[PDB]
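These notes are about the structure you will find just below.
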Amino acid sequence: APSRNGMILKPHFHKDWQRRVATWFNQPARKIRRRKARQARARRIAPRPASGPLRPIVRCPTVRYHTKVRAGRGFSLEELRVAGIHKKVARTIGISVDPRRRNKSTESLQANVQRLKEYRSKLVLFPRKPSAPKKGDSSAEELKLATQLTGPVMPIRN
Amino acid sequence: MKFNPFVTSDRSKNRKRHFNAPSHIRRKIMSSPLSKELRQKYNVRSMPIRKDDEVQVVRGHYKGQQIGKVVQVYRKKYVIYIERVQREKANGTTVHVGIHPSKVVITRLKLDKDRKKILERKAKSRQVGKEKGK
Amino acid sequence: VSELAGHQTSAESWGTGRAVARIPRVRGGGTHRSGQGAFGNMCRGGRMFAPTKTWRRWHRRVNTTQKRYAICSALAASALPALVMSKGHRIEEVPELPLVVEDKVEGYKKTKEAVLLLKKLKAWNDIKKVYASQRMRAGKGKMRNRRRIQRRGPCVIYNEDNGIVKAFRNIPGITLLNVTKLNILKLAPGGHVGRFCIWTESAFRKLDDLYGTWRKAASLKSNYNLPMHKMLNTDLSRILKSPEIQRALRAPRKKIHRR
RNA sequence: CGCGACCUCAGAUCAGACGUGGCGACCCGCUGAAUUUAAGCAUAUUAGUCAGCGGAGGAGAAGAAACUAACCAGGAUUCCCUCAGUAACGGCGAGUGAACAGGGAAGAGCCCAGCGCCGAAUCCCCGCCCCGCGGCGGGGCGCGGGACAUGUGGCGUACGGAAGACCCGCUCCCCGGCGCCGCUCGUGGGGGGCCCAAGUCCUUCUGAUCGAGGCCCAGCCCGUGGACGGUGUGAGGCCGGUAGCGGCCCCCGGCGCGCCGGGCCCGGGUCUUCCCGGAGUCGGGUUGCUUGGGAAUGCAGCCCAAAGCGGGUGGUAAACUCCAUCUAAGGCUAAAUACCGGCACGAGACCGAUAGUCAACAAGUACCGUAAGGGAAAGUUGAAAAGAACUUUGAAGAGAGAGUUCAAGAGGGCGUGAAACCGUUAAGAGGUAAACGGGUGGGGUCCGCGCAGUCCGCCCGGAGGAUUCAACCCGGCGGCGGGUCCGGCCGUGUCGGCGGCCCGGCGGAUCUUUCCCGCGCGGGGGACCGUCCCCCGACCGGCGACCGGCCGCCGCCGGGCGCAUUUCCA
RNA sequence: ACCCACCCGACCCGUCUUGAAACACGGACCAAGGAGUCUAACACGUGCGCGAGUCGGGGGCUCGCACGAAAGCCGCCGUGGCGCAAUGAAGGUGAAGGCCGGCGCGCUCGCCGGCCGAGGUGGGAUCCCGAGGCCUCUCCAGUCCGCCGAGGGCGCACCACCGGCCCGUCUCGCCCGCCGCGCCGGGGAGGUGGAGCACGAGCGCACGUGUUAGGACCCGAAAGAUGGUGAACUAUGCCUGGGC
RNA sequence: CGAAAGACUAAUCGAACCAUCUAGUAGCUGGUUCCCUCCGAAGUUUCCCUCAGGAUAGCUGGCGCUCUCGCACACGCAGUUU
RNA sequence: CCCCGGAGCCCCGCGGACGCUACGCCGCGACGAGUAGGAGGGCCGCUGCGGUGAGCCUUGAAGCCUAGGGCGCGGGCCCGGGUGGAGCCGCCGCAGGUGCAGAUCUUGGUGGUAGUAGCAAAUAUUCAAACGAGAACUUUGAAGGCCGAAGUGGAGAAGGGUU
RNA sequence: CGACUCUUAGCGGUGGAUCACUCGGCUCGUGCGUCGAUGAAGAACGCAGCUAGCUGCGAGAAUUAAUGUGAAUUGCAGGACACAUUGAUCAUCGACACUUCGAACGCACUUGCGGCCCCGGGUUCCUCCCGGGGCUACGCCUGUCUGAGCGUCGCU
Ligand SMILES: [Mg+2]
Ligand SMILES: [Mg+2]
Ligand SMILES: [Mg+2]
Ligand SMILES: [Mg+2]
Ligand SMILES: [Mg+2]
Ligand SMILES: [Mg+2]
Ligand SMILES: [Mg+2]
Ligand SMILES: [Mg+2]
Ligand SMILES: [Mg+2]
Ligand SMILES: [Mg+2]
Ligand SMILES: [Mg+2]
Ligand SMILES: [Mg+2]
Ligand SMILES: [Mg+2]
Ligand SMILES: [Mg+2]
Ligand SMILES: [Mg+2]
Ligand SMILES: [Mg+2]
Ligand SMILES: [Mg+2]
Ligand SMILES: [Mg+2]
Ligand SMILES: [Mg+2]
Ligand SMILES: [Mg+2]
Ligand SMILES: [Mg+2]
Ligand SMILES: [Mg+2]
Ligand SMILES: [Mg+2]
Ligand SMILES: [Mg+2]
Ligand SMILES: [Mg+2]
Ligand SMILES: [Mg+2]
Ligand SMILES: [Mg+2]
Ligand SMILES: [Mg+2]
Ligand SMILES: [Mg+2]
Ligand SMILES: [Mg+2]
Ligand SMILES: [Mg+2]
Ligand SMILES: [Mg+2]
Ligand SMILES: [Mg+2]
Ligand SMILES: [Mg+2]
Ligand SMILES: [Mg+2]
Ligand SMILES: [Mg+2]
Ligand SMILES: [Mg+2]
Ligand SMILES: [Mg+2]
Ligand SMILES: [Mg+2]
Ligand SMILES: [Mg+2]
Ligand SMILES: [Mg+2]
Ligand SMILES: [Mg+2]
Ligand SMILES: [Mg+2]
Ligand SMILES: [Mg+2]
Ligand SMILES: [Mg+2]
Ligand SMILES: [Mg+2]
Ligand SMILES: [Mg+2]
Ligand SMILES: [Mg+2]
Ligand SMILES: [Mg+2]
Ligand SMILES: [Mg+2]
Ligand SMILES: [Mg+2]
Ligand SMILES: [Mg+2]
Ligand SMILES: [Mg+2]
Ligand SMILES: [Mg+2]
Ligand SMILES: [Mg+2]
Ligand SMILES: [Mg+2]
Ligand SMILES: [Mg+2]
C-alpha cells in the first residue's frame with residue numbers, strides 16, 4: 001500500500017529472477033584473460049600491427065551522430081579500384097574490405113582512397129623468401145623496423 | 001613468501017598432504033641431519049634415515065650422547081626405533097620407543113651404492129648454488 | 001551458503017490436531033530423522049534465516065578525486081613526527097622525517113644491503129619492533145590461514161625497481177611502493193593517517209610531477225591539483241593571542257557566582 | 001519359350017563400415033502448467049517459466065543482409081555498456097516491454113544448383129609391387145570390377161562471371177616421407193623425476209620446548225629463501241618445503257634448416273561478344289498459438305496460389321504514384337560468449353561437529369516403505385600405549401593395594417566436563433504451599449585488621465651526629481630569548497629589468513600556409529596571448545624559514561671557595 | 001553476598017483484550033539452536049568530494065597478483081547517464097525588460113540611434129553612516145581611544161503581494177516580411193491552462209529512516225498443477241486347483 | 001471396481017500414494033532476544049465488494065531552520081476575562 | 001608625583017589554572033508517570049577483519065566452578081581462590097548468520113508422577129535326585145493333570161533364510 | 001538432635017553444554033574440457049595366511065608387466081630377498097589382463113533351450129557322448145551373390 005507521496009513505481013521482480021542473476025566476479029579474471037590472449041596474438045603476427053587491418057573512415061548515420069566520424073568495417077570496392085589495389089590482394093596486406101558498402105558522395109570516396117594511398121606509402125611489405133624479388137622493400141626498411149604498431153593503425157581523429 | 005601459484009600454504013591441505021602421504025614420499029619427510037663431522041665431509045645437510053644407521057637422539061627424555069644403531073623405520077607412524085631407546089612395559093617386556101627422525105642426528109650412515117649416488121647428487125647441487133652465488 | 005541448504009528434505013506439516021506444533025516434519029521412515037522439524041530457521045537441520053547470497057554488494061566504489069585527496073592526506077602526515085610517532089613507529093633517532101635517500105638503493109640485490117641501510121638510517125628499531133610484535137592470532141582466523149600477525153613497518157617508496165624490491169622482501173614489516181602507483185591501503189593502514197616511509201630521491205622528486213604543486217597542474221594526472229585549504233592559520237593559539245583580536249574582546253567575566 | 005537388357009523390388013550368419021545406451025552445469029528443437037499477483041475472478045499475470053519428450057558439443061546456437069536507415073548515411077554473427085523501464089502492449093488495471101543509432105570485446109570470410117564450356121576430363125572398391133604404417137596414406141602398375149550422362153569433376157556464384165583480342169609485368173605455392181639444427185616467455189613451452197641457505201650455539205624454565213636471557217650491528221647465522229606444514233608447547237636456521245633467467249635427467253609438443261618423393265605452367269589491368277539465380281515457395285485468405293509489435297512481430301494447420309525492369313522490406317488498413325534498400329524459397333565458417341555436471345588446481349573479513357553439504361566417522365550407510373521413494377545418529381585417552389605386571393576378596397561383573405603417566409581429580413564412548421536432576425557430608429530452619437519486595441536483628445562463611453592504627457607530608461625551633469657545597473667568581477660545553485635585522489641565507493605582496501622569453505615549458509577554435517617536412521589536410525617550426533622562471537635594487541609582512549657574531553638569562557661539567565654557609569640522618 | 005527470624009508489603013508470567021490472578025489460551029525442568037535479512041527502485045535527511053557541471057561504468061594500458069582477483073593511470077574523461085529548459089496530443093514553438101533620443105501622426109501601434117541592464121511594494125539577521133552624550137585631579141584648548149547611541153541608509157536568505165517573459169488555448173484587432181505573394185510566413189492587445197523562466201545547484205560516493213517488489217520478520221492451511229508407484233489388502237471379471 | 005454403503009483401491013478415499021512446481025497464498029492464531037535516557041498517542045474523518053483490512057485527514061516523534069531578547073532599553077500569540 | 005623580573009597582591013590590562021581529553025572543564029534556574037510508537041547515548045555484550053597496545057600466556061590462555069573482595073542506576077565488569085591445560089585480550093576503525101522465557105517452537109538431556117499402574121484369557125502342579133558358586137523355572141526318575149486324532153500329534157505349500 | 005521436607009555450600013554421580021582443536025564443508029576463481037558394440041554408466045557375484053565393513057581389484061582377482069624410486073611392509077605371523085641386485089616399498093601406468101547381468105547381441109530369463117564350422121578325449125568321420133574353441137541382435141549405407149514381377153523393351 002502506498003503512503004503519502006512517491007513514484008508509483010513498477011519493479012520487474014515477479015518472474016523467478018534469482019534463478020537468472022548474473023554475477024560479475026569473473027570480470028578481473030576475464031579482463032586478464034583477454035589481455036593475455038591479446039598479447040599472444042600480437043606475438044603471433046610478428047611485425048604486423050597488433051590492431052588488425054586498416055579500416056576506412058566513415059560517417060555515422062542519423063541527424064544525431066551525423067557530424068562525427070568513426071572507423072568503418074572495411075574499404076569499399078570503388079575505393080580499392082581507384083587506389084589500384086586488387087581486392088583479393090588487399091586482404092593479404094592488412095586492408096579491411098567490405099563489399100556491401102555503397103558509395104554515395106565523392107567526398108567520402110576520395111578521402112578513403114587517400115587513406116589507402118597513405119597506407120601503401122608507410123607499409124613495409126616483407127618479401128616471401130629472404131631472397132628478395134619485386135614489391136618487397138629494402139633490407140634497410142626492415143632491419144630498422146620489424147616493429148609492431150601499437151594501437152589502431154593510422155587512427156581517425158574527428 | 002611463496003609466489004608459485006600452484007603450491008598451497010593452506011593448513012588443511014598441507015596436513016592432509018602430510019598424514020595421507022605415500023611411503024616413498026614419507027621417506028623424504030622422515031629425513032634427519034648429519035653430524036657436523038659428516039656435514040663437513042660430504043657437503044650435505046641431511047639424509048633420509050634408514051634401517052641401520054648409527055644415530056644420536058638429540059631431544060626429549062632419551063636425549064643423550066650415546067650412539068645407538070637404528071632398529072626399524074615405521075613410516076606409517078612417522079617414527080624410527082633405535083637400539084637402547086626403549087622402555088619396560090608393566091610386565092617387564094622391553095618396548096622400542098619411537099623417536100621422530102628429525103630429533104635425531106646421524107653420526108654413521110649405512111652406505112650402499114644408491115646412498116652413495118644420492119650424496120653425490122646433493123653435494124653437487126649445493127656447490128652449483130655456491131658457484132651461482134659467487 | 002548453498003541454495004539447497006536446508007531444503008533437500010521433503011517435509012510436510014502434520015497439521016493441527018496431533019498435539020505437536022505445525023512445523024513441517026520429515027515425512028515417513030524408521031529413523032531418528034522422522035517427524036522432526038524441517039526448513040524452519042529454528043529447527044535442527046533447518047535453513048538459516050535469509051541465507052546469505054553471493055550477490056550481496058561486496059565491492060564499493062569511490063570517487064577518484066576523493067581517493068586522491070586521501071592519498072595526499074596520508075603523504076602530508078607522513079611528514080609530522082607526531083603523527084608518525086603516534087602511529088607507533090619508533091622514529092626517535094631518525095635524521096630527517098620526510099626521509100629521502102641516495103638512489104644506489106635501487107641497486108641492492110641482497111637483504112644484507114637493505115638491512116645495513118636501515119640500521120645506518122636508524123630505521124631498524126621499527127623492524128626490531130615488528131619482530132617483537134610477531135605473535136599468534138586470536139581465534140578462528142587461525143584455522144583459516146591468517147594464523148600469525150604482526151606490525152606494519154617502514155614504507156619504502158621507490159621510483160624504479162632496479163633490484164630493490166628483491167632486497168627489501170624478507171625484512172618483515174617493509175612494504176615497497178612505486179611512486180607512480182601509490183595506494184592508500186598501504187600509506188594509511190587501519191585508515192590511520194601517519195606511517196614512517198623512506199623515499200628515494202628519484203621518487204621524492206617525482207611526487208610534485210604526480211600531484212602538482214599549488215600553482216601548477218599535476219602534469220601526469222591529466223586534470224588535477226592539490227585540494228585547497230579551508231583555513232590557513234591552523235594554530236589558533238597564534239590567532240587568539242594576537243594583538244588584532246584580543247584588542248577586540250570584552251574582559252573575561254570569571255568570578256563563579258555559586259548558589 | 002527360351003535367352004538377353006534395364007526398372008522396381010526381395011533374401012543372405014554375403015565383404016566392409018556405421019547407428020543403438022549413458023552423462024546432462026552450460027547449448028539446440030519441441031511440449032507446457034498451476035500455485036501466485038490483480039487485495040474477488042474469467043482476459044491478463046505467474047511464463048514460453050517448473051515438470052514432460054527429443055538431440056549435441058567443448059562449447060552449442062547464430063552468421064556473411066530479400067539488414068539498418070531516411071543520414072553529409074551505416075554494413076555478417078555473438079558479447080558488454082548504453083539506448084530504456086523508453087516506443088509499444090495491457091479488464092490502458094495489475095502489470096509487461098523491445099529495436100536502431102553511439103561506444104567498446106572480437107573480427108574472417110566462403111561454397112553450390114543453375115547458366116555455360118571442357119572425349120566423365122570424376123568417384124568407389126578390387127589385385128600386384130616400393131615406401132609409410134598405434135589418427136590406413138602416398139607412388140607406380142593391371143582390358144580387374146562397379147558408380148555415373150535421370151550428370152561426377154575443373155573453371156564459376158551476384159563483391160558480378162565467362163569467353164575473346166591486344167597494354168603491362170614476371171614465374172613459389174602445396175603436401176607424403178626421411179633427416180638435422182637452435183629445447184622455443186614468467187620470465188626453459190607442456191608433462192614426469194631427483195636435487196640445491198642458515199643455530200639443534202650458550203645458559204636457564206619444562207613431562208617434553210619450537211619458550212625466556214645472551215652471542216663482534218636486536219643480539220650469532222641465511223635471507224632472490226621471515227609462505228605453509230611437520231616434529232613431546234609458540235621454530236627464517238630440526239625435517240619437508242619456500243626463493244631463484246637455480247641445476248641435472250627423461251619424455252612430448254611446437255616452431256627453424258637440409259634431402260628425397262610427388263603434385264603445380266597456377267597473373268593483372270584495358271576494349272569487345274556473350275551469361276546470369278533456388279515453387280506447392282513467395283504472396284493472399286484463415287483459424288490457433290506467440291510477440292512490445294498495435295486493421296495480424298513471428299511460427300502453424302487448412303484453402304487459394306504467383307511473378308520476372310520481378311520479388312521483399314520501408315512499424316496504421318487500402319488505391320495511385322515517385323524514391324530508397326536489399327535479393328528470399330540451397331549450404332559451410334574460427335573469435336570475443338555460456339558453464340551449480342566432469343578431471344585437476346588456487347583462494348576466502350564463510351561455517352567450526354544441533355554449524356558447514358544429507359554426509360568431518362565403514363553415508364546415500366544403517367533403518368523404513370510392496371514400490372515410487374524416504375533417510376539418520378555418530379569427531380577428540382595420551383607426547384608416547386607407557387592401555388594398569390603382580391598380590392588379594394569374589395562364580396563373575398566388580399573392588400582394595402601395587403604400578404605407568406606431569407596427570408588416570410586423562411582408565412579404551414577416556415580433553416575440558418556447565419545446567420536440569422540425584423546421592424551424600426556440613427550448617428541452619430520447619431503447623432497457614434513455596435518463593436518474593438522493604439526494613440532490622442541473630443548466626444555463619446571468609447576478608448581486612450591491631451598483639452597502639454594513633455596515619456603521613458611541608459616549613460620551622462631546639463638538642464645530637466654527617467659529609468660536601470651552594471652564594472661568589474674563573475675555564476669549558478649546551479640551551480633559550482632579543483633586538484642593531486648588524487652581516488649573510490630565507491620567502492610573501494608590490495614595483496624595475498622584458499631580464500628567463502629562442503639558453504622556460506605546456507595550453508589555446510589567437511595568428512601566419514612569407515617558413516620547413518609529409519601528403520586543401522596532418523606533423524613540425526615561426527609569431528601572438530595565457531600561464532610557469534633568472535638578475536639586481538627599493539618598500540613592506542621580518543613571517544617558527546634559517547645561519548653567523550654580539551648581548552642578556554638559564555642549565556650541566558670542571559676548577560677553585562673548609563665552614564655562623566651545605567645538604568644528609570635520626 | 002549464605003542461612004534463619006520477625007514486622008509491613010506482596011495473586012503468575014507471556015499474550016490478545018474496553019477489561020486477566022482468572023473458571024481465557026501457551027508454559028513439567030535444563031542446555032544448545034531460534035525470527036525485521038539481503039538485492040533492486042524510489043523519496044527525504046545527514047557526511048564527504050567536485051561544482052554548471054559531475055560521473056564511472058563498460059573497455060583499455062601497467063604483472064608471474066604473495067598481499068591483487070586489489071592499487072594506479074586513460075584526447076577512452078566522456079559514447080553515454082543525470083544535470084544545465086520548458087510547453088504542447090501533435091505539426092511545432094521555446095523564457096527581456098527598461099529607459100533615453102530620433103524617425104513613422106508617439107496612434108499606450110510600426111521603424112531607426114544611445115544608455116542601463118534581470119523589475120517593484122512591505123517585512124527582513126546583518127553591515128554602513130552617525131547628532132549627541134559620558135568622563136579625564138583644576139580653566140580652557142585639543143588630536144587619540146572607546147562605551148553607548150537618538151536618527152538615517154544599503155539591504156542577504158526567506159515570506160506575502162504586484163508587475164514581466166516562455167509554451168498551450170481562447171477572444172479582439174491592426175500592421176509587417178519575400179527567390180518562391182500563398183488556404184505562405186511574422187508579429188500586437190486582453191484573458192486563461194502549464195509538473196515553466198525571473199544570475200545556476202547539480203553530479204558522484206557513503207550512512208540513516210520510511211515505502212514497495214522479491215521466500216522478504218519467523219512458523220502455519222483447506223487447495224491447485226506436472227510427472228511417476230501401487231489391486232501383497234480390498235472391489236469386480238476370467239483361468240487352473242482344493243473344500244463342504 | 002462397486003447385488004450401490006460414496007463402498008472399496010496396501011491401518012489413507014465425497015478423489016490413493018511418492019517427488020517436484022513449493023519457502024504455494026493468508027485482510028487470520030502464535031512468537032519476535034541487552035541497559036539507561038527523553039518525548040509520547042489512537043480507537044474519530046472522508047473513500048473503499050468497506051464492517052477482524054486498507055486509504056486519507058487527525059493525534060506522535062525526529063531533523064531542523066527563520067527570528068525574538070535580561071547583555072536597563074520587546075513584538076506577536078492564547079480551550080481566559082473585560 | 002619614578003620601574004611589578006618586583007605593587008606584594010581582592011585586581012593587577014607585563015605573563016598566566018591545581019582547571020583547558022574545548023566532543024573538556026565550570027556555574028545558575030527549572031523539571032523527572034508511561035502501553036503502542038519514536039529518537040539519543042551505552043568505557044554494555046557476542047563473533048571476524050585493518051590498525052595498534054616493544055599487550056598478556058606452560059612461572060599456566062580459553063572455558064568451568066566459587067557462603068571470597070569490589071565497582072557500576074543498569075546492560076555488565078574487574079580482581080582473589082579452585083579446576084583446567086594452549087591460546088587469548090585492551091584501544092581506534094570496519095563488518096555481521098550479534099544478545100531469548102515464551103512460538104501446542106527445534107534437537108538433546110532430566111524430574112515429579114512411582115518403586116506406582118502393572119507382569120490375571122485358555123483347569124496343574126507335587127516329591128526325590130543330578131549338575132552346578134547359585135535352582136520355584138534346567139535335566140532324569142516317580143506321581144498328578146491337560147491337548148483328546150476338526151490335536152497342543154505326524155507332514156508340506158507360501159513366507160522366512162541358517163532359524 | 002531424632003524421620004521427612006526446604007535452603008545454601010563441599011565432594012561424588014547423571015548428563016554432554018562450554019571452550020580449544022579440524023585430513024570436512026560452503027563460496028569465488030583458474031586451466032582443461034575426456035564416456036560407449038574394441039561392450040559405457042550402473043548392478044551382480046567373487047577375490048586377503050588370518051578380513052566382517054569401507055576401500056582396491058576380476059578366476060593373472062588387496063593385483064601382473066613395465067618405468068621411476070631405493071629399504072621396507074608391518075595388528076600378528078610368516079617369509080623372502082644378498083637392498084654391490086631389474087631391487088623390498090611406494091608412485092606412475094605406455095604392455096598385458098579384465099567373472100556375470102546391463103544399449104546388451106543365437107533365443108529365452110528358468111539361469112532354461114538351442115543351431116552352425118573347427119579342435120582334444122570319444123571315434124578311428126560312427127554318428128553319438130563329453131570337454132574346448134569360433135560364429136549365430138536389430139536397424140542402416142557402399143558394394144557382392146541368389147533371385148522375383150500379365151513392370152518396360154530386344155533378339156529369337
Ligand atoms: Mg579491436
Ligand atoms: Mg543446516
Ligand atoms: Mg574465543
Ligand atoms: Mg545418446
Ligand atoms: Mg487473486
Ligand atoms: Mg489476497
Ligand atoms: Mg479466490
Ligand atoms: Mg507471457
Ligand atoms: Mg526443464
Ligand atoms: Mg556451430
Ligand atoms: Mg542468407
Ligand atoms: Mg546490427
Ligand atoms: Mg533514464
Ligand atoms: Mg511476457
Ligand atoms: Mg555443373
Ligand atoms: Mg610447530
Ligand atoms: Mg616452521
Ligand atoms: Mg633446510
Ligand atoms: Mg501472451
Ligand atoms: Mg504507412
Ligand atoms: Mg550453420
Ligand atoms: Mg557429531
Ligand atoms: Mg556434536
Ligand atoms: Mg551436521
Ligand atoms: Mg562440542
Ligand atoms: Mg567428548
Ligand atoms: Mg567435545
Ligand atoms: Mg590435567
Ligand atoms: Mg584430563
Ligand atoms: Mg573426560
Ligand atoms: Mg581433546
Ligand atoms: Mg543436618
Ligand atoms: Mg484478534
Ligand atoms: Mg472480549
Ligand atoms: Mg496476564
Ligand atoms: Mg472467574
Ligand atoms: Mg487462541
Ligand atoms: Mg499446558
Ligand atoms: Mg541461545
Ligand atoms: Mg541527499
Ligand atoms: Mg516516504
Ligand atoms: Mg521485507
Ligand atoms: Mg506453507
Ligand atoms: Mg484453483
Ligand atoms: Mg480433491
Ligand atoms: Mg515464511
Ligand atoms: Mg480482515
Ligand atoms: Mg519532543
Ligand atoms: Mg519518563
Ligand atoms: Mg515501548
Ligand atoms: Mg594439547
Ligand atoms: Mg558469519
Ligand atoms: Mg531457552
Ligand atoms: Mg503392585
Ligand atoms: Mg517335525
Ligand atoms: Mg548438595
Ligand atoms: Mg553430541
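Give me the helices (runs of 4 or more DSSP H) completely within segment A:1-110, filtered to those with at least 2 residues that are within 16 Å of ligand 1 (Cβ to nearest atom), ordered by residue number.
Qualifying helices (runs of 4 or more DSSP H): A:27-44.
Within segment C:38-52, identify whether any single residue is without any contact (Cβ under 8 Å) to a residue 60 or more places away in the chain, within 9 Å of RNA strand F (Cβ to nearest atom) and within 14 Å of chain A (Cβ to nearest Cβ), and answer yes or no.
yes
Being away from RNA strand F (no atom under 16 Å from the Cβ), surrounded by fewer than 17 Cβ atoms within 10 Å (Cβ to Cβ), more than 14 Å from the chain's Cα centre (by Cα) and closer than 20 Å to C:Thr111 by Cβ is the requirement here; does C:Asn170 meet it?
Criteria met by C:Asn170.
What residue, of A:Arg64, A:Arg48, is within 23 Å of A:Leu116 (Cβ to Cβ) and more than 14 Å from chain C (Cβ to nearest Cβ)?
Going through A:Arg64, A:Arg48 in turn, just one is within 23 Å of A:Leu116 (Cβ to Cβ) and more than 14 Å from chain C (Cβ to nearest Cβ): A:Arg48.
Which residue, of B:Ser9, B:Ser31, B:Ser35, is among the small types (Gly, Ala, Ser) and within 14 Å of chain C (Cβ to nearest Cβ)?
Result of the check over B:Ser9, B:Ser31, B:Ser35: B:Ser9.
Which residues, counting only those in segment C:53-74, are without any contact (Cβ under 8 Å) to a residue 24 or more places away in the chain and within 30 Å of C:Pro189 (Cβ to Cβ)?
Within segment C:53-74, C:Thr54, C:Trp55, C:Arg56, C:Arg57, C:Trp58, C:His59, C:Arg60, C:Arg61, C:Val62, C:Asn63, C:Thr64, C:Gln66 meet the criteria.
What are the residues in segment C:1-25 that are more than 16 Å from RNA strand H (Cβ to nearest atom), surrounded by 11 or more Cβ atoms within 10 Å (Cβ to Cβ) and farther than 15 Å from C:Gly40 by Cβ, if any?
C:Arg18
How many residues, within segment C:122-146, are more than 14 Å from chain B (Cβ to nearest Cβ) and in a helix (DSSP H, G or I)?
Counting residues in segment C:122-146 that are more than 14 Å from chain B (Cβ to nearest Cβ) and in a helix (DSSP H, G or I) gives 10.
Considering only residues of segment C:155-207 that are within 22 Å of C:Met85 (Cβ to Cβ) and within 14 Å of chain B (Cβ to nearest Cβ), which is nearest to RNA strand E (Cβ to nearest atom)?
Once the filter is applied, the top-ranked residue is C:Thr175.
Which number in (1) of a type in the set (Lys, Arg); (2) more than 14 Å from chain B (Cβ to nearest Cβ); (3) surrounded by fewer than 17 Cβ atoms within 10 Å (Cβ to Cβ) marks the one condition that C:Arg152 misses?
Condition not satisfied by C:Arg152: (3).
Note: ideal-geometry Cβ built from the backbone for every residue, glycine included; neighbour counts use all protein chains shown. Every number in this text was worked out from the coordinates using simple rules, so none of it is lab data.
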